[PDB]
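Below is one structure, written out as structure tokens; comments come after it.
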Amino acid sequence: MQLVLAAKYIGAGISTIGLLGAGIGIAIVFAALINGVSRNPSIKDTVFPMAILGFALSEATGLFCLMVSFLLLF
Amino acid sequence: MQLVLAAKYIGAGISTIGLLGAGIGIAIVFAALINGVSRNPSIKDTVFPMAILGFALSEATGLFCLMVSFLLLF
Amino acid sequence: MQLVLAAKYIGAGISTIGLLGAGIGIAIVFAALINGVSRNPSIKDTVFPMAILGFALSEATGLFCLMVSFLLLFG
Amino acid sequence: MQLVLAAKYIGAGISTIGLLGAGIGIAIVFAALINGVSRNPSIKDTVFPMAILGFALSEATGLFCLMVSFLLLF
Amino acid sequence: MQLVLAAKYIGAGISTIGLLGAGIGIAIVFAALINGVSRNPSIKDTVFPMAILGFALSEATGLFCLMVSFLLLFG
Amino acid sequence: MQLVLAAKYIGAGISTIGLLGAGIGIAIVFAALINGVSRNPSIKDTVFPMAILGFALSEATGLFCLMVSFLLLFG
Amino acid sequence: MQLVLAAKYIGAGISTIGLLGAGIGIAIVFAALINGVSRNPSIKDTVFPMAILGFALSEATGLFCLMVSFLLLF
Amino acid sequence: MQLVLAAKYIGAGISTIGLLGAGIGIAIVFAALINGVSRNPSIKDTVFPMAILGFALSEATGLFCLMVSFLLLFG
Amino acid sequence: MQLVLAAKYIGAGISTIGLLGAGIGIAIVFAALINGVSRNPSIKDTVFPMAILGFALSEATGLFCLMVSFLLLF
Amino acid sequence: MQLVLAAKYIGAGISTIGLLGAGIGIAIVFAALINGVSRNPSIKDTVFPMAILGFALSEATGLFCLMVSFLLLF
Ligand SMILES: CC[C@H]1/C=C/C=C/C[C@@H](C)[C@H](O)[C@@](C)(O)C(=O)[C@@H](C)[C@H](O)[C@@H](C)C(=O)[C@@H](C)[C@H](O)[C@@H](C)/C=C/C(=O)O[C@@H]2[C@H](C)[C@H](CC1)O[C@]1(CC[C@H](C)[C@H](C[C@@H](C)O)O1)[C@H]2C
Ligand SMILES: CC[C@H]1/C=C/C=C/C[C@@H](C)[C@H](O)[C@@](C)(O)C(=O)[C@@H](C)[C@H](O)[C@@H](C)C(=O)[C@@H](C)[C@H](O)[C@@H](C)/C=C/C(=O)O[C@@H]2[C@H](C)[C@H](CC1)O[C@]1(CC[C@H](C)[C@H](C[C@@H](C)O)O1)[C@H]2C
Ligand SMILES: CC[C@H]1/C=C/C=C/C[C@@H](C)[C@H](O)[C@@](C)(O)C(=O)[C@@H](C)[C@H](O)[C@@H](C)C(=O)[C@@H](C)[C@H](O)[C@@H](C)/C=C/C(=O)O[C@@H]2[C@H](C)[C@H](CC1)O[C@]1(CC[C@H](C)[C@H](C[C@@H](C)O)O1)[C@H]2C
Ligand SMILES: CC[C@H]1/C=C/C=C/C[C@@H](C)[C@H](O)[C@@](C)(O)C(=O)[C@@H](C)[C@H](O)[C@@H](C)C(=O)[C@@H](C)[C@H](O)[C@@H](C)/C=C/C(=O)O[C@@H]2[C@H](C)[C@H](CC1)O[C@]1(CC[C@H](C)[C@H](C[C@@H](C)O)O1)[C@H]2C
Ligand SMILES: CC[C@H]1/C=C/C=C/C[C@@H](C)[C@H](O)[C@@](C)(O)C(=O)[C@@H](C)[C@H](O)[C@@H](C)C(=O)[C@@H](C)[C@H](O)[C@@H](C)/C=C/C(=O)O[C@@H]2[C@H](C)[C@H](CC1)O[C@]1(CC[C@H](C)[C@H](C[C@@H](C)O)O1)[C@H]2C
Ligand SMILES: CC[C@H]1/C=C/C=C/C[C@@H](C)[C@H](O)[C@@](C)(O)C(=O)[C@@H](C)[C@H](O)[C@@H](C)C(=O)[C@@H](C)[C@H](O)[C@@H](C)/C=C/C(=O)O[C@@H]2[C@H](C)[C@H](CC1)O[C@]1(CC[C@H](C)[C@H](C[C@@H](C)O)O1)[C@H]2C
């Protein structure tokens, strides 16, 4: 039983690694938003909702990691 | 039978690591969409379907990881 | 057999790591398709099949990872 | 109990790996802010709040890692 | 015997990690093909075979990983 | 007690890995500062404080890793 | 002996990780060949032998990994 | 104590991984310095101290990794 | 003794991972050579020796990994 | 005393992983040197000392890794 609980806790720690992908990806999206608005200010209203969508989709990958992490923890 | 269960939980945590690829890749597609539209607003209708296709394909790699994750958990 | 079964399950999880390569790669190809068409709209019908081919070959690397994963889980 | 507690501490350490994602992402956002402002100084007031949003969302992914680390530690 | 078998299966899973290199690399090549053709459509016939060569050579590194994987799983 | 202590020390080492993020990120910020100033020297006073902010925020992620490291080593 | 043989097989697997470096590097070289030829077709005969040298040297790093893998396997 | 000492030595090795961050980061900063001066020779005396500062802050992340490494080895 | 020999073999496998850095770095150098000659053909004789030096320095990092790997193996 | 020795050898192999950073970073410096010189041949004498400095500093990070490596081995 020591073994099973110990595996849940190590597994939960490992499950957070994938969050680095959303950390990096969210940033890549906002970088593009910023570069895009700087080069073409008039395009802001068009690309801002695209950036919000990109963020949410990238972020969803982190949510799934965290879901597995919490499932293992609790 | 404790050792096998422990392995399933460790394996499940490890199985989420690959989701970082979708996290980054989704972002890469949206970055291109945003920069492409900022440089050429008129191309938006053409490249948006391409972005949907590209992110859906990149995302699916992470769903495959999660499939293995949930197999090992349940 | 408890130890061997355990090893199959950990190995199965480890075998999914390589899928991050196709995750990034597929995105890289579609990013180029998008930036290529934005800079040159008239090239679309030429570069679109190239992106499909590129996607498929990158995807195949993930297919090989998942195959090993499923062989360890079931085979 | 020793084995479970050992697993908690190993897992706590592993749970900080994903913070490298926010480390890189935060910088990616600020690099774009700097480059965008250098190319187009007049756009600063527009992009600065986007950079703040971008960095906060990237950072939060690493804070979710840290949160799991602390749950395991304490 | 249990320990050796378990090691083979763990190793087999580990062996697929390097496949991420080909996954990313194949895509890098096709990205260049697409951007190169978009910038200069007339160069297509020259650069397409360079992309096939590049993809094949990148792919081979993944094949080497998969080979070791299969040697462990079966051999 | 031997097992818990060993786990603390292994964990402490693992906890420093994330520091690579700040190592790369701090540099990414200063690279942008340098390229931004080279392209537009007059923007220096505007972008320098953005680089300090960016570096500090990136650095903090590494500080969080080191904090966990020290909690394991001592606390 | 079982433990030593186990270690050989685990080590053989680990020894292939470094091949991802040649996988990416080989592609980096060919991407530059393609982009350089697209921008300046007349330079092809000059850069092609540089790309062959570049790819062979990158690949060899992965072959040294594979060599260690086989030494452990056999 | 054999297990704890073993853990100190493995932890010490693990604690050097994060140095790859400073390895890449330091290079990123100097790369920008070089590309910045090539594009604008007259900016050299302005961007050179910025590169030194950038190097130092990136380097510090590696210093923290090595400190933990040496604490595990000796402290 | 099983333990020590087993540690030598796993350690030798792990020691090859760092070779990925030279795999990637050698490629980055040759990419720059290629892009540089394509943009400015007359600069070839100046930058080719720089590329050879860059290659050798990056390559030396892989040599050191392999040295540790062979020390562990033999 | 077998377990401690085993750990030293494992630790030594792990200690070379960080050398990949120098491998990539050395290359990054030389890439910049090559591209900088191709775009502006006249700047060569100015940027070459900067490249020497940058690669020497990046390389040293890998030497620090190797220091730990050789401590654990000898
Ligand atoms: C696919 C799901 C994602 C949804 C995205 C929706 C985007 C639409 C868009 C309009 C947003 O709502 C937004 C930009 O307005 C927005 O994010 C706001 C809600 C948000 O308040 C924003 C303005 C901020 O200021 C934000 C930086 C907050 O100050 C900061 C405290 C929150 C950071 C953060 O990561 O929160 C997350 C995030 C919203 C994520 C986003 C989740 O949600 C939270 C709560 C739910 C779980 C716990 C997730 C886990 C995470 C790892 O995915 O974290 C939630 C806790
Ligand atoms: C390695 C060869 C690849 C083949 C590529 C072929 C390219 C040609 C091109 C014209 C395609 O057919 C395509 C662009 O039309 C295409 O991908 C469609 C079939 C696809 O429906 C696409 C348009 C989508 O809408 C797609 C995002 C779906 O909505 C989504 C549910 C599927 C995602 C996905 O990754 O599916 C995979 C993929 C096609 C992969 C692609 C495999 O195939 C599936 C089925 C077979 C096995 C199970 C693989 C495993 C995977 C890990 O490689 O997954 C298959 C399950
Ligand atoms: C260095 C060896 C590589 C050779 C490359 C040769 C390139 C030349 C070029 C002319 C090709 O043949 C090609 C572009 O025409 C080509 O790939 C075709 C064969 C292929 O049908 C292509 C046009 C596709 O349509 C392709 C996207 C398929 O639809 C898709 C199902 C296959 C993906 C794939 O990765 O296949 C691999 C690949 C060819 C790999 C590539 C092998 O081969 C397969 C079959 C042989 C073995 C089993 C390999 C092992 C793999 C892990 O390396 O997998 C084989 C399973
Ligand atoms: C979010 C917190 C970070 C705060 C950043 C604040 C930035 C504002 C800005 C004005 C700075 O203060 C600065 C640019 O002036 C600055 O860094 C100076 C303090 C500093 O002296 C700078 C000018 C240097 O010359 C610097 C390159 C030093 O020569 C060098 C020995 C220090 C490197 C270093 O990383 O120090 C860290 C750093 C400041 C970090 C950064 C901490 O702080 C130190 C001391 C406090 C604790 C121990 C942290 C822990 C670390 C792991 O995060 O390490 C501290 C040990
Ligand atoms: C985190 C704060 C950093 C301080 C940066 C200060 C920057 C100011 C700037 C003007 C410097 O002093 C410098 C550019 O002149 C400089 O680095 C020189 C001192 C240095 O001699 C440089 C010109 C070299 O020639 C250098 C490549 C040497 O030939 C080489 C033997 C040393 C490499 C090296 O990484 O040394 C480190 C470094 C300076 C680092 C730098 C530490 O310091 C040393 C001594 C202290 C400890 C042991 C650190 C550990 C390391 C892991 O951070 O290693 C120190 C051992
Ligand atoms: C810091 C040491 C490095 C020295 C670089 C010297 C560069 C100068 C430059 C003029 C070279 O000599 C060169 C470009 O002419 C050159 O590399 C030639 C010798 C080489 O024959 C080249 C023309 C090739 O065609 C080359 C692609 C070969 O065909 C190919 C079979 C060899 C690949 C390879 O990686 O070999 C290595 C490499 C030279 C490396 C390079 C080592 O050396 C070998 C033999 C020694 C050990 C075993 C190393 C291990 C490696 C992991 O560092 O591998 C050696 C086995």
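Here is how names work: the chains are called A, B, and so on, in the same order as the sequence lines, proteins then strands, and each is numbered from 1.
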Might you point out which heavy atoms bring [X] and [Y] nearest each other, and give the distance in Å?
| X | Y | answer |
| --- | --- | --- |
| F/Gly25 | D/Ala27 | O-CB, 2.9 Å |
| D/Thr16 | F/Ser15 | OG1-CA, 3.4 Å |
| F/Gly36 | D/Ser38 | O-OG, 2.7 Å |
| D/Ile10 | F/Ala7 | CD1-O, 3.2 Å |
| D/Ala31 | F/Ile28 | CB-CG2, 3.7 Å |
| D/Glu59 | F/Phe64 | OE2-CE1, 3.9 Å |

* Asked: Are the side chains of F/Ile17 and D/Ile14 in touch, meaning some heavy atoms are under 4.5 Å apart?
  -> no

* Given side chains that start at C-beta, do those of F/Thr61 and D/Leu66 come closer than 4.5 Å, heavy atoms only? -> no

To the nearest 0.5 angstrom, please state how far the [atom1] atom of [X] sits from the [atom2] atom of [Y].
| X | Y | atom1 | atom2 | result |
| --- | --- | --- | --- | --- |
| F/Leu57 | D/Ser58 | CG | OG | 10.5 Å |
| F/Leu71 | D/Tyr9 | CG | OH | 10.0 Å |
| D/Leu19 | F/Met67 | CG | CE | 10.5 Å |
| D/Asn35 | F/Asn40 | CG | CG | 11.0 Å |

* Structure fact -> If one checks every heavy atom of D/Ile26 against chain F at 4.5 Å, the contacting part turns out to be side chain

* **Atom group of F/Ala51 that falls short of 4.5 Å from chain D, counting heavy atoms** => both

